[PDB]
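Data first, discussion second: the structure below is written as structure tokens.
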Amino acid sequence: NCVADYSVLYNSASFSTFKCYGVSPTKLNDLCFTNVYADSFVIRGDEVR
Amino acid sequence: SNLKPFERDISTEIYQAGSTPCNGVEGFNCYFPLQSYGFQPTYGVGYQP
């Protein structure tokens, strides 16, 4: 129940890596979704793989 | 943008993905548009050439 702007997170140099293939990230904004799961947590640097 | 029928394209110009202008041979949101496949005798159907 909100409008999700992914451009700000998309075009900020304050991140290390941004990876996903389920949909091309440039067209995330124009695709409409039902629920968003934010899995936010911490891991080791090299364990992202 | 997608190319028209039988429109061969050979250019290997580094593609810009984000807002920042694409400078140098590499950069954030700058990518070499060509990728190599994987072909080995160990592979199975679907990934064989």
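Letters A, B, ... mark the chains of the structure tokens in the order given; residue numbers begin at 1 per chain; ligand numbers begin at 1, in order shown.
Using only C-alpha atoms, the part of chain A that sits within 10 Å of chain B is made up of residues 7, 10, 11, 12, 13, 25 and 26 of chain A.
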Which residues come within 12 Å of stretch 34-37 of chain A, counting only C-alpha atoms, excluding same-chain residues fewer than 4 positions away, as a PyMOL selection string? chain A and resi 1-4
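From atom CA of residue A:21 back to atom CA of residue B:22, the distance works out to 21.9 Å.
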Polymer residues at most 12 Å from residue B:14, only C-alpha atoms, same-chain spacing of 4 or more positions, as number ranges by chain: B: 21-34
Store the residues picked out above, limited to N, CA, C and O atoms, as a PDB file, in the first residue's frame.
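Contents of result.pdb, as written:
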ATOM      1  N   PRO B  21      27.586   9.797 -17.146  1.00  0.00           N
ATOM      2  CA  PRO B  21      28.097   9.528 -18.494  1.00  0.00           C
ATOM      3  C   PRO B  21      29.114   8.399 -18.467  1.00  0.00           C
ATOM      4  O   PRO B  21      29.899   8.268 -17.526  1.00  0.00           O
ATOM      5  N   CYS B  22      29.092   7.574 -19.509  1.00  0.00           N
ATOM      6  CA  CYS B  22      29.992   6.431 -19.581  1.00  0.00           C
ATOM      7  C   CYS B  22      31.362   6.919 -20.032  1.00  0.00           C
ATOM      8  O   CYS B  22      31.543   7.309 -21.190  1.00  0.00           O
ATOM      9  N   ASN B  23      32.324   6.900 -19.118  1.00  0.00           N
ATOM     10  CA  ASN B  23      33.679   7.339 -19.397  1.00  0.00           C
ATOM     11  C   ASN B  23      34.637   6.170 -19.228  1.00  0.00           C
ATOM     12  O   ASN B  23      34.414   5.273 -18.410  1.00  0.00           O
ATOM     13  N   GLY B  24      35.702   6.184 -20.019  1.00  0.00           N
ATOM     14  CA  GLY B  24      36.676   5.115 -19.985  1.00  0.00           C
ATOM     15  C   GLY B  24      36.102   3.813 -20.515  1.00  0.00           C
ATOM     16  O   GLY B  24      34.947   3.717 -20.928  1.00  0.00           O
ATOM     17  N   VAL B  25      36.951   2.783 -20.495  1.00  0.00           N
ATOM     18  CA  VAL B  25      36.531   1.456 -20.936  1.00  0.00           C
ATOM     19  C   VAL B  25      35.663   0.747 -19.911  1.00  0.00           C
ATOM     20  O   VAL B  25      35.081  -0.298 -20.224  1.00  0.00           O
ATOM     21  N   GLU B  26      35.558   1.284 -18.698  1.00  0.00           N
ATOM     22  CA  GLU B  26      34.760   0.653 -17.659  1.00  0.00           C
ATOM     23  C   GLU B  26      34.361   1.719 -16.649  1.00  0.00           C
ATOM     24  O   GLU B  26      34.979   2.784 -16.565  1.00  0.00           O
ATOM     25  N   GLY B  27      33.312   1.423 -15.897  1.00  0.00           N
ATOM     26  CA  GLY B  27      32.835   2.328 -14.872  1.00  0.00           C
ATOM     27  C   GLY B  27      31.532   1.820 -14.304  1.00  0.00           C
ATOM     28  O   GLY B  27      30.944   0.852 -14.797  1.00  0.00           O
ATOM     29  N   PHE B  28      31.092   2.487 -13.240  1.00  0.00           N
ATOM     30  CA  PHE B  28      29.807   2.148 -12.644  1.00  0.00           C
ATOM     31  C   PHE B  28      28.699   2.364 -13.663  1.00  0.00           C
ATOM     32  O   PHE B  28      28.611   3.427 -14.284  1.00  0.00           O
ATOM     33  N   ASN B  29      27.864   1.340 -13.842  1.00  0.00           N
ATOM     34  CA  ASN B  29      26.822   1.306 -14.865  1.00  0.00           C
ATOM     35  C   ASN B  29      27.395   1.371 -16.279  1.00  0.00           C
ATOM     36  O   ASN B  29      26.664   1.641 -17.238  1.00  0.00           O
ATOM     37  N   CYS B  30      28.694   1.132 -16.428  1.00  0.00           N
ATOM     38  CA  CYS B  30      29.333   0.982 -17.727  1.00  0.00           C
ATOM     39  C   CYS B  30      29.729  -0.477 -17.902  1.00  0.00           C
ATOM     40  O   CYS B  30      30.346  -1.065 -17.007  1.00  0.00           O
ATOM     41  N   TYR B  31      29.372  -1.056 -19.044  1.00  0.00           N
ATOM     42  CA  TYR B  31      29.550  -2.483 -19.261  1.00  0.00           C
ATOM     43  C   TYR B  31      30.040  -2.738 -20.675  1.00  0.00           C
ATOM     44  O   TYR B  31      29.646  -2.039 -21.613  1.00  0.00           O
ATOM     45  N   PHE B  32      30.895  -3.736 -20.822  1.00  0.00           N
ATOM     46  CA  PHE B  32      31.198  -4.252 -22.147  1.00  0.00           C
ATOM     47  C   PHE B  32      30.010  -5.079 -22.617  1.00  0.00           C
ATOM     48  O   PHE B  32      29.645  -6.054 -21.948  1.00  0.00           O
ATOM     49  N   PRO B  33      29.384  -4.740 -23.744  1.00  0.00           N
ATOM     50  CA  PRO B  33      28.105  -5.375 -24.097  1.00  0.00           C
ATOM     51  C   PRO B  33      28.226  -6.816 -24.564  1.00  0.00           C
ATOM     52  O   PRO B  33      27.191  -7.473 -24.734  1.00  0.00           O
ATOM     53  N   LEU B  34      29.431  -7.332 -24.776  1.00  0.00           N
ATOM     54  CA  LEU B  34      29.618  -8.695 -25.251  1.00  0.00           C
ATOM     55  C   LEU B  34      30.012  -9.613 -24.102  1.00  0.00           C
ATOM     56  O   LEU B  34      30.843  -9.255 -23.262  1.00  0.00           O
TER      57      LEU B  34
END
Give me, as an NGL selection string, the residues of stretch 4-43 of chain B that a backbone DSSP run labels strand (DSSP E). :B and (15-16 or 30-31)
